[PDB]
Amino acid sequence: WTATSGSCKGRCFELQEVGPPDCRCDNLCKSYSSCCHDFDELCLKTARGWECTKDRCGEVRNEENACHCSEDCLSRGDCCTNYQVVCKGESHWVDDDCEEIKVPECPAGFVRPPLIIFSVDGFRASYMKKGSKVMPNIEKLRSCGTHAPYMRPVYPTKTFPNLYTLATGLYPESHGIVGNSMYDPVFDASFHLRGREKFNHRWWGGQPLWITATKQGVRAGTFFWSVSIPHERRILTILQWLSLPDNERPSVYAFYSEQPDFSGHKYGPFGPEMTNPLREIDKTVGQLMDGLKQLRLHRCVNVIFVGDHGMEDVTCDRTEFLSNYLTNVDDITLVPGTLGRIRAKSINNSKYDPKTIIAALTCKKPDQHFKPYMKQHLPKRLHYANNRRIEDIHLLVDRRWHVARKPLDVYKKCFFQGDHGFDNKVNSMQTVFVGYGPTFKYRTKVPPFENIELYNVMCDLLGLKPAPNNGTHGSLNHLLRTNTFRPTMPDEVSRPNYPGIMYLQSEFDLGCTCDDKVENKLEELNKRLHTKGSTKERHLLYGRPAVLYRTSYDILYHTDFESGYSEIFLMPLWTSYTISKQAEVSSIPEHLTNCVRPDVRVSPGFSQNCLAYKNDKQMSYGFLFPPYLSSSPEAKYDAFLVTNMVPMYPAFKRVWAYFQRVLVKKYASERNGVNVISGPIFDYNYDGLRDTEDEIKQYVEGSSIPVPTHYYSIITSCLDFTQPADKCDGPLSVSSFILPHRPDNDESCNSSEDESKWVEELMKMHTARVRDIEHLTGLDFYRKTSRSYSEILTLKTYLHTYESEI
Ligand SMILES: *[C@@H]1O[C@H](CO)[C@@H](O[C@@H]2O[C@H](CO)[C@@H](O[C@@H]3O[C@H](CO[C@H]4O[C@H](CO)[C@@H](O)[C@H](O[C@H]5O[C@H](CO)[C@@H](O)[C@H](O)[C@@H]5O[C@H]5O[C@H](CO)[C@@H](O)[C@H](O)[C@@H]5O)[C@@H]4O)[C@@H](O)[C@H](O[C@H]4O[C@H](CO)[C@@H](O)[C@H](O)[C@@H]4O[C@H]4O[C@H](CO)[C@@H](O)[C@H](O)[C@@H]4O)[C@@H]3O)[C@H](O)[C@H]2NC(C)=O)[C@H](O)[C@H]1NC(C)=O
Ligand SMILES: O=C(c1ccc2[nH]nnc2c1)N1C[C@@H]2[C@H](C1)[C@H]1CN(C(=O)c3ccc(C4CC4)c(OCC4CC4)n3)C[C@@H]21
Ligand SMILES: [Ca+2]
Ligand SMILES: [Cl-]
Ligand SMILES: [K+]
Ligand code: NA
Ligand SMILES: [Zn+2]
């Protein structure tokens with residue numbers, strides 16, 4: 001109940017929220033059905049439209065007008081945005097040459113350049129090029145300010161998850177808005193688009209920019225606008241707030257456009273009907289920049305023009321029906337469309353089985369346009385698992401398709417020709433970023449980056465300390481002229497041991513054998529040099545990774561590779577080796593097929609044993625540094641040390657063997673040498689973070705050998721591929737992956753074929769940032785390079801996506 005009998009007289013678009021039952025006058029009252037009776041009359045004037053005309057100049061102030069062309073309007077803060085153009089001979093902002101903004105040029109009383117966030121729903125990245133003719137205001141911001149070719153959204157590439165990711169710097173799994181539609185089993189409550197539950201605070205985790213600002217004494221405009229408030233009125237309101245007295249004036253503002261998403265759903269991303277919504281957005285931008293110029297703020301305010309996600313061609317005839325796969329179709333609840341999430345219709349049903357649902361959905365039709373995953377098996381780069389609101393069963397839908405439960409859902413729920421929500425590496429889902437103002441750089445293009453990074457930068461723009469988030473603070477410093485945040489490397493927590501030869505062969509009882517008993521100070525001084533690190537500058541190019549947690553581990557040197565060996569997990573945390581373009585691949589000699597060798601530097605008690613592998617009928621083993629890439633027959637023996645071994649399912653060994661035998665050499669050939677860092681990952685609670693030893697759910701049978709959930713590699717070379725990886729003078733180039741360590745290859749529908757038909761496609765799907773691997777391992781890489789730390793942070797956030805040119 002609201003006793004809506006008060007008045008908005010003098011309170012239009014008030015910044016403090018009045019509590020029930022007094023009536024409201026803020027930009028959200030409509031959406032709560034809580035505005036005072038006179039809100040429309042006083043606060044939503046429309047008379048005479050939004051533009052001054054010649055005849056209105058110098059007019060006598062008529063307070064009924066939507067905006068004003070009277071002489072007093074500049075000082076009252078409420079001229080039409082084109083007032084000075086029509087009545088005072090001025091030019092439109094878009095018509096002025098751009099001139100570098102070297103310092104903020106603000107009116108007296110401004111303590112800091114304000115930030116305006118201009119957010120556009122469904123603004124696909126290629127609109128910047130393809131629509132450039134009809135968007136001159138936006139094209140000016142883009143070419144005069146700082147821009148990226150595109151910005152990567154978060155998964156799912158839906159509206160609320162992405163807007164709230166922009167506001168918080170957090171993955172949806174952490175902020176809690178995990179889709180446009182959700183069920184929370186703990187609340188026993190549902191979040192929907194239409195309806196009131198979505199207004200309850202309990203859905204919204206983390207700490208959005210407006211709250212960060214408020215707690216630190218920086219005032220915020222209210223970010224959200226009722227849909228029926230027209231764009232012109234939104235702009236006029238922001239401009240009025242900017243004329244408030246110093247003590248009352250917010251420093252951060254948000255504008256939101258429902259376009260072009262709204263039309264894109266109806267007409268497809270490039271429908272001929274899309275030109276007009278793009279014109280109209282541009283016109284709104286022009287109105288803002290003209291209004292800023294009138295207020296002498298166009299060289300003071302930082303403006304961010306940012307999208308939430310793109311838009312793909314999607315139609316009713318491209319829908320897959322779960323009723324074509326499942327017999328039990330009425331025992332499930334599906335969240336449908338461009339992604340799928342499945343749960344049981346009823347908790348009172350114990351005949352519900354996720355494993356049989358998954359099997360019934362796996363590789364059932366030749367051209368099948370979705371793939372089922374248990375959420376913990378989704379690509380780690382999606383970070384889409386660690387929330388009770390994300391259903392255990394997930395379907396990744398092919399770009400251009402929908403999944404639905406039954407055909408009746410699609411005709412009794414074609415209309416739409418566009419949609420979004422697909423995998424966040426899909427080109428059609430990419431969106432835009434432009435920054436313009438004194439704090440951004442002048443005429444600068446920066447590489448594509450992820451929307452999770454923006455919250456830190458928005459904090460930097462406003463002098464705020466960001467709340468803990470998933471951005472990597474400093475990785476976007478290269479967007480900024482000043483206000484950079486100067487990050488430092490984290491301190492190493494554990495220092496390694498450097499064990500020498502400490503054990504005799506016969507102290508080991510590991511059940512391992514090797515045919516290695518074949519026998520010269522020329523070559524014997526040499527191998528001692530190798531074991532003390534004589535070739536370490538070749539194989540460890542960026543310094544050893546730092547261990548950022550308390551643990552016990554040993555550095556182990558070898559001719560061809562160096563490792564950080566964990567006495568706790570009984571295997572390396574990392575193995576580092578360099579493969580030059582000229583390197584040669586060899587086979588495992590016949591006599592050495594099953595060879596495993598005790599490491600005389602490492603105690604029996606801190607070693608794996610071969611017997612456990614013999615007895616564990618499911619589990620086999622592989623090696624981190626591959627025997628195939630040994631520099632010589634004698635160096636090959638090192639690759640068979642028990643300290644280079646790691647547990648692998650035979651099914652996974654097919655993937656791993658192909659990567660090590662075929663793909664490493666191919667990368668070295670194409671990139672002019674590569675440095676490789678590989679290792680295990682343990683993330684049994686699927687939280688994106690390194691497991692402690694007490695979290696491991698699986699061991700090699702009869703042993704303390706923990707089974708990794710994933711294996712990673714980080715493959716680095718010189719960005720200037722004319723320089724070899726081991727002699728690079730400048731910036732680096734990286735690609736990485738986090739392969740799920742699975743007992744089957746059900747994920748790959750073509751896995752019955754030769755590895756050359758399916759393995760690389762699997763690896764591509766599991767591409768990762770170095771930063772994702774850092775979180776999963778508690779390691780910190782690239783500690784010793786010639787590069788600046790901010791540049792290294794940018795490199796660590798890089799994702800190699802394998803999509804073609806945008
Ligand atoms: C991306 O960035 C984010 C943000 O930095 C990273 O997330 C952080 O990770 C931390 C480690 O997992 C986590 O720290 C824990 O916080 C617990 C207190 O949590 C509350 O307070 C914070 C701070 O204000 C708040 O943000 C939290 O909000 C969560 O929950 C609410 C409601 O439940 C949601 O609205 C909100 O969206 C958010 O949800 C997300 O996080 C939670 C985990 O907290 C998930 O469960 C959700 O799915 C969702 O993803 C909370 O309101 C604190 O209690 C923890 O301490 C335990 O463990 C430590 C070990 O150091 C130990 O000292 C304690 O004893 C304690 O153990 C006890 O509890 C155990 C579990 O109940 C039990 O087993 C034991 O026996 C003990 O009784 C811990 O410090 C931090 O909260 C989140 N922050 C956020 C915002 O999510 C994220 O990791 C990054 N991702 C990547 C890949 O890097
Ligand atoms: O009709 C829709 C809609 C639109 C497109 C769709 N495609 N598929 N289904 C769809 C449903 N919607 C979603 C919401 C609401 C109603 C609109 C207004 N809005 C905010 O007002 C806001 C909501 C949430 C946030 C963030 C999450 C708090 C925000 O922040 C903007 C600043 C961060 C830049 N603004 C975002 C849109
Ligand atoms: Ca974990
Ligand atoms: Cl959703
Ligand atoms: K075995
Ligand atoms: Na398969
Ligand atoms: Zn949409």
Side-chain angles (χ1 to χ4, degrees), residues 342 353-364 368 371-382 384-385 392-396 569-572 594 596 608-624 626 645-661 663 678-688 691 693 695-713 737-766 768 776-777:
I342 291 163
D353 196 6
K355 304 138 99 306
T356 64
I357 290 158
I358 299 278
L361 295 180
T362 300
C363 308
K364 282 307 153 55
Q368 189 170 315
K371 185 186 298 303
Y373 284 86
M374 296 296 294
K375 65 180 180 167
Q376 72 280 359
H377 293 148
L378 284 168
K380 300 299 276 187
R381 57 186 172 83
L382 304 172
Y384 198 67
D392 293 349
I393 299 164
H394 199 78
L395 314 186
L396 285 184
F569 283 72
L570 306 177
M571 65 188 66
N594 292 314
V596 174
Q608 289 177 44
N609 74 86
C610 290
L611 187 51
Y613 288 105
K614 178 183 226 294
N615 292 341
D616 194 317
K617 291 301 184 272
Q618 306 313 312
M619 189 57 69
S620 172
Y621 68 84
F623 294 108
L624 292 174
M645 192 174 64
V646 291
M648 299 188 165
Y649 285 122
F652 189 80
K653 288 181 54 63
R654 298 183 57 201
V655 176
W656 192 250
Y658 189 81
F659 159 69
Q660 296 192 309
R661 184 176 59 83
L663 297 175
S678 301
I681 278 157
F682 305 83
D683 191 20
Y684 283 97
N685 58 355
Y686 47 90
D687 66 351
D691 291 352
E693 189 215 316
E695 293 177 317
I696 302 307
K697 295 170 71 43
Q698 190 171 337
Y699 292 84
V700 183
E701 188 176 340
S703 74
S704 292
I705 313 170
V707 173
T709 51
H710 296 82
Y711 285 99
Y712 72 86
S713 290
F737 58 75
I738 297 167
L739 295 173
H741 182 211
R742 286 178 60 175
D744 61 63
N745 284 302
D746 291 358
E747 180 173 359
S748 312
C749 294
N750 290 307
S751 63
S752 71
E753 296 168 35
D754 187 70
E755 285 80 11
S756 65
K757 308 298 181 186
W758 64 273
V759 168
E760 213 168 351
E761 174 195 342
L762 174 65
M763 284 168 55
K764 289 178 189 179
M765 190 57 28
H766 294 274
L776 284 161
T777 58

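One-based numbering along the sequence shown.
Interatomic distance, CE of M645 versus OH of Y621, reported as 7.0 Å (0.5 Å rounding). From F682, atom CZ reaches atom NZ of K697 across 14.5 Å, with rounding to the nearest 0.5 Å. Once rounded to the nearest 0.5 Å, the distance linking CD of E760 with CG of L663 reads 5.0 Å. Residue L395 holds its CG atom at 6.5 Å from CG of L361, rounded to the nearest 0.5 Å. To the nearest 0.5 angstrom, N750 atom CG is 11.5 Å from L762 atom CG. Here the straight-line distance linking atom OG of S751 with atom CG of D746 works out to 7.0 Å at 0.5 Å rounding.
When all heavy atoms of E693 and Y699 are compared, the closest pair comes out as O-OH, 3.6 Å. The minimum heavy-atom distance between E701 and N615, with the atom names listed, is OE1-O, 4.2 Å.
Within a 6.0 Å radius of CD in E695, more than 12 heavy atoms belonging to other residues, nucleotides or ligands are found. The local environment of NZ in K757 is sparse, with at most 12 non-hydrogen atoms from other residues, nucleotides or ligands closer than 6.0 Å.
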Review point. How far apart are the C-alpha atoms of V700 and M619, what are their side-chain angles, what is the distance that settles it, and do they pass the side chain to side chain contact (heavy atoms under 4.5 Å, CB included) test?
Key: CA-CA 7 Å; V700 183; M619 189 57 69; 4.1 Å; yes
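Under the rule for a side-chain hydrogen bond (donor to acceptor under 3.5 Å, both in side chains), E753 has no partner lying at least two apart in sequence or in another chain. Listed by chain and residue number, nothing satisfies the salt bridge (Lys or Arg N to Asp or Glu O under 4.0 Å) test with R661 (two or more places apart in sequence, or in another chain).
The side-chain heavy atoms of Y712 and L776, taken from C-beta on, include no pair separated by under 4.5 Å. Counting only heavy atoms from C-beta outward, the side chains of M571 and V646 approach each other to under 4.5 Å. Side-chain contact between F569 and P708 is absent, with no heavy atoms from C-beta onward closer than 4.5 Å. When side chains are defined from C-beta on, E747 counts as touching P740, because their heavy atoms get closer than 4.5 Å. The shortest distance between side-chain heavy atoms of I696 and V707 does not fall below 4.5 Å. Inter-residue side-chain proximity for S678 and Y711 is flagged as unmet; no heavy-atom pair is nearer than 4.5 Å. Considering only heavy atoms from C-beta on, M374 comes within 4.5 Å of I393 through its side chain. In this structure, the side chains of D683 and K380 come closer than 4.5 Å at one or more pairs of heavy atoms.
Side-chain polar atoms of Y684 and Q698 form no donor-acceptor pair below 3.5 angstrom.
The main-chain N or O of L624 is found under 3.5 Å from a side-chain atom of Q660 such that the two form a donor-acceptor pair. Looking only at distances, no side-chain donor or acceptor of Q376 sits under 3.5 Å from a matching main-chain atom of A385. Panel note: side chain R381, backbone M765; a donor-acceptor pair is recorded below 3.5 Å.
Ring planes of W656 and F659: tilted class, angle from 30 to 60°. Between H741 and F652, the ring planes are perpendicular. Angles over 60° get that label, and only those under 30° would be called parallel.
Between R742 and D744 a salt bridge is recorded (basic side-chain N to carboxylate O distance below 4.0 Å).
Side-chain rings of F737 and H766 stay apart, their centers remaining 6.0 Å or farther from each other.
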